[PDB]
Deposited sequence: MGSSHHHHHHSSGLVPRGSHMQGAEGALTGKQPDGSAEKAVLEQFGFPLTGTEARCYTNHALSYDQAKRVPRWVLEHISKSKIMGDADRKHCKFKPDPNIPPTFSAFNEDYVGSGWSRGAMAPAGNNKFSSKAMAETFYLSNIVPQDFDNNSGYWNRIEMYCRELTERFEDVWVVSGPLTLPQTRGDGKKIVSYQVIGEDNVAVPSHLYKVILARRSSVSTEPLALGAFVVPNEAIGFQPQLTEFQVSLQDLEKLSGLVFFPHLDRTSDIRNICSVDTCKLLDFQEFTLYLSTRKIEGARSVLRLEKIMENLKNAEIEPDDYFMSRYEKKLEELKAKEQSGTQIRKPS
């Protein structure tokens, strides 16, 4: 019965997973963006001598150029290029970091968001490695509806470039953290949904928190399926802080990262009512005397 139906094959969705040195993903050929991107983080992965300024954005060679995004779509569009698996999670491997610049990892993102609030969540994930031995993170874009005047719910999103790359309304991140491979403690988990726009330091990460069941219904995905849900799972914002770097800390940490790449860093640093920490002063003198 089916040999006749399947004579000329079935339409190909391009849905199959694609693993890389340190991240996997499913690609949406219609939207020219990922559907989901999964990564693993540890204290050792965020340490290394891999440099982001050395990488470059470019289409995933493993993606058929037909349904591939291109830098020509992003540049000048008013939207930035936001990796769903940060380069900063692949300090250990310059290769893994390079694969996170394949445009199959990137979506159109608000500049202030990509560098601001969203960035600070990526930071909060790498922080979880100081308290957890293993941290799994799934990220992806979303195009959610908006009820308006007539009460009709309308999904409305922009598409940029000659290839009409979908610009998402919100971004999501599902953080799964395990204390250790030998601990009896339950797993920490929390879903979050951020709007693709500038967000200040006033809103807390907990405000953008959603339930996993809801994020699955909206994204149409089932996250971490092997994970037993009747088993004991805990809220990551209850076990942990769900605390992002406030303006002071956040501005302090950036300066810590800039000195490695001089006299202007300190000048703008103090102007913003910041007291250079000893951890920053130490790194300052070392780089100052080099």
| What stretches of this chain's deposited sequence are missing C-alpha coordinates? | 1-37, 299-304, 334-348
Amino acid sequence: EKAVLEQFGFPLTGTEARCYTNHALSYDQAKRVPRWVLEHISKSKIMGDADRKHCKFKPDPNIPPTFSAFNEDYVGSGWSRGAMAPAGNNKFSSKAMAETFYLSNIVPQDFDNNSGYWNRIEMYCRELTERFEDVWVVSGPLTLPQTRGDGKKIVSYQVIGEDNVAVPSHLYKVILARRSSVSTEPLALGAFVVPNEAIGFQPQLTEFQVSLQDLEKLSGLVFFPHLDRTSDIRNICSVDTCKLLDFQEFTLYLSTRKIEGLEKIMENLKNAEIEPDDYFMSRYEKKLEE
From here on, numbers count along this sequence of modelled residues.
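Here the rigid core means the biggest group of C-alpha atoms that line up within 1.5 Å when the two forms are laid on top of each other.
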| note | After superposing on the rigid core, the stretch whose C-alphas lie farther from this form in 5 other deposited structures of this protein, comparing 73-81 with 148-156, is 148-156
| request: Between 276-284 and 11-19, report the one with more C-alpha displacement in 5 other deposited structures of this protein relative to this form after a rigid core superposition. | output: 276-284
| 264-272 versus 19-27 - which carries the larger mean C-alpha B factor in the record | 264-272
| Once you work out the mean C-alpha B-factor for both 167-175 and 129-137 from the entry, which is higher? | 129-137
| In terms of the chain's CA B-factor thirds, is residue 70 lowest, middle or highest? | middle
| task | Select lowest, middle or highest to describe the third in which the CA B-factor of residue 190 falls within its chain in this entry. | result | middle
| message | Going by the CA temperature factor in the PDB record, which third of the chain does residue 81 belong to: lowest, middle or highest? | response | lowest
| field | Ranked C-alpha temperature factor of residue 203 among modelled chain residues, by third | value | highest
| query | Compared with the other modelled residues in the chain, in which third is the CA B-factor of residue 160? | reply | middle
